[PDB]
Structure formats: structure tokens, C-alpha cells
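Coming up is one lone chain in C-alpha cells, specifically the form solved without the named molecule.
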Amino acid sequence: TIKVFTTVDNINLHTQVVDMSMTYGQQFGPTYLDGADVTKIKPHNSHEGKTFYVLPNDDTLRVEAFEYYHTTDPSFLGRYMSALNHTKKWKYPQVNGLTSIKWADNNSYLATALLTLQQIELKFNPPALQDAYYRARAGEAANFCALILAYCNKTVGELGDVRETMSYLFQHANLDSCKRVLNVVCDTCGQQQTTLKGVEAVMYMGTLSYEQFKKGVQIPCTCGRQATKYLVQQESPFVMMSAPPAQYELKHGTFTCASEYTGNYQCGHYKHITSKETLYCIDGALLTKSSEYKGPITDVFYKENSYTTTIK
């Protein structure tokens, strides 16, 4: 027999003594060592003193998992470890000053998400994400990518959606101060104001142009007639403007970054465009520079702080 440590966060360690003739599963249940599933593996002499991840099956581990990951779903740790086995094998090159991801397992949506996070002001709340994102920016993004997949209930290889992924991440971020007030003008119903906070204050679906959002966009009223919705006030470090993919021109110096999607829900591919001294198309490990850019844009990010309209 040998002494090991079990954990859910690699910080709070629990001592265990295991029988070398039984599998780690019969004793601990699902068990992982350095991201490898050892549930059906019998203890080995070379395992002594090492640290093993396990599913939170007692209340002490559940609280530790909740404190570290900010979720109560007990299967989260297993989803995280399963994804991590693959993401450790991905490559995370520095492209145009940012940590990207070499293409693998249909991971283009994760790369453009990661590239985007490095260009907007966003702080994560869960300790696990705080630690994984700091390492991700340093070029070791395996844990961060595996966490994203676990939080989004996606498995490695699944085609992903950036806007939906950013939505999950934003929920685990500090957007407390963010505020948005909108006005819908229906010349039959009048003016109807709304106020949004948190993630609803930074995400909008329907138009890519922040400026058109301020001038006014045509959207059906609650009565069904065509009305006009325009931005009254915004208080945020950034705004995410999304719309179904359609040909769209990205003007240099008028946005921060954007996501391009080519394909459909069974097969497609994301590319990332960022406005630096010139437009740069970051395509995983590939990089292309252009004076102008046009393509099927689906998300556009803009920097903000405080905006108040002038419309009466």
C-alpha cells in the first residue's frame, strides 16, 4: 500500500492510503493523475506521495470545488479533466503579441475567444479562472481552454459558438458596474425605456455597428410595428456587438477586434481580426496583414467607458 493525496484544486490536499491491488476507482471513484484518467488503474510504486484529482463525493470536497471553480455541478471536475487531457497537447504560440492556439479539434472558436479576452478589460471571479487565465496569457493556456470547455458543457472536438462562449465567460466575470439604458420609439406606442445591467449591458445581438446602435436601428415594437431602438447611455469597459454572419467591412481604427465565421453548424471555422497599426487576421497559428478587410463578420468588440446620447 502507499500514501497519496486527493484533491479538487491541487491546493487543499487530503491524505489517503490505497491498496496496491485495487483500482483507484474502487477506492476513490473517478480519479485523475496529471490529467490522465487512472480510475481503472491499480496503484503503482511510482505513485507514492503524488496528488490525484477526484470527484467531490463528500461535503468538504464539494465546498472546496465550489470555492475554486464557482460551480456546484459535481461532474464539472470530470469534464474539466477529460478536456484537459487533450488541451495539454495543443500548441499555444504567440501571434501578433497575443497567445493564440494552433488549430486542432475544431478549436477555432476558443482561439478567437482567447485572443479577444487579451484585448478587452475583463477580470474573472473564480480562482480557477483567475489562475488559468494568468498562465494562458503567459503561453500555457491548456488549463484555461479546458476550463472554458467545462464551463460551456462542450467537449473537445465540438464545433463552438464564440458569442455563446463569451456569454458563459462573462457570467464568471466582474461586470457589476456595467449599465445600459435603451429607448424604443414606436410612433404608435411612444417611447419605452429599458435598463440593462451586467452581461446584458455589454452584449447585443442584431447589428455589428456600435455607431448605428447609437443612431438607431429598426427593430419590431412589442405591438409588432416597425420601431427604432437607439443607445441612450452606456457605462462599460467594452461592448460586444453581434449579428448573424453576413458580409461586412471592418474599417481600420474604428473597432478593437472581431470574429469572422465561415460555414454552418455542422462544419465551419472562425478567424480573428484585430485593429492595430493595420488590420491583422489571426487564424490560429497563421497571421495575415491587410490595409482593409471584408468577410462574414459575426462579432465586433469596441472599447467604451461612458457614452450619453444627444437625441431628444
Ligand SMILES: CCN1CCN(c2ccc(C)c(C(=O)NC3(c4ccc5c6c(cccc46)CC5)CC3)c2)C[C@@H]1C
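Throughout, we count residues from 1 along the sequence that is shown.
Chemist: Determine, for stretches 277 to 285 and 36 to 44, which one has the higher mean CA B-factor as deposited.
Modeler: The deposited B-factors put 36 to 44 ahead on the C-alpha mean.
Chemist: State which stretch shows the higher mean Cα B factor in the entry: 180 to 188 or 199 to 207.
Modeler: Higher of the two, by average CA B-factor, is 180 to 188.
Chemist: From the list 131, 235, 161, 158, select the residue with the highest C-alpha B factor recorded in the entry.
Modeler: Answer for 131, 235, 161, 158: 235, with the highest C-alpha B-factor.
Chemist: Of 123, 135, 215, 102, which one's C-alpha B factor is largest in the deposited record?
Modeler: Checking the PDB record, the top C-alpha B-factor among 123, 135, 215, 102 is at 215.
Chemist: What third of its chain, lowest, middle or highest, does the C-alpha temperature factor of residue 304 fall into?
Modeler: For residue 304, whose C-alpha B-factor we compare with every modelled residue in the chain, the answer is the middle third.
Chemist: Sorting by Cα B-factor within the chain, modelled residues only, which third would residue 50 end up in: lowest, middle or highest?
Modeler: Top third by C-alpha B-factor.
Chemist: Based on the entry's values, in what third of the chain does the Cα temperature factor of residue 18 lie: lowest, middle or highest?
Modeler: Highest third, going by the recorded CA B-factors of the chain.
Chemist: Considering every modelled residue of the chain and its Cα B-factor in the PDB entry, is residue 298 in the lowest, middle or highest third?
Modeler: Answer is lowest: the recorded C-alpha B-factor places it there.
Chemist: Quick check for you: using the entry's CA B-factors within this chain, is residue 193 in the lowest, middle or highest third?
Modeler: Its C-alpha B-factor, which the entry lists for residue 193, ranks in the highest third among residues of this chain.
Heads up, the form solved in complex with the named molecule isn't pictured, but that's what we're talking about next.
Chemist: When the contact criterion is heavy atoms within 4.5 Å, does residue 244 count as touching the named molecule in the entry with it bound?
Modeler: Because a heavy atom of residue 244 falls inside 4.5 Å of the named molecule in the entry with it bound, the answer is yes.
Chemist: Residue 121 versus the named molecule, in the entry with it bound: is there a non-hydrogen atom within 4.5 Å?
Modeler: Residue-level check for residue 121: no, no contact with the named molecule.
Chemist: Please run the contact check for residue 160 against the named molecule in the entry with it bound: heavy atoms, 4.5 angstroms, yes or no?
Modeler: Because a heavy atom of residue 160 falls inside 4.5 Å of the named molecule in the entry with it bound, the answer is yes.
Chemist: Does any heavy atom of residue 205 come within 4.5 Å of a heavy atom of the named molecule in the entry with it bound?
Modeler: Result yes; residue 205 sits at the interface with the named molecule in the entry with it bound.
Chemist: Heavy atoms within 4.5 Å of the named molecule in the entry with it bound: which stretch among 38 to 46, 244 to 252, 22 to 30, 272 to 280?
Modeler: Result for this chain: 244 to 252.
Chemist: So one rigid chunk twists against the other between this form and the one not shown - which of 69, 101, 257, 208 is right at the hinge?
Modeler: Answer to the hinge question: 69.
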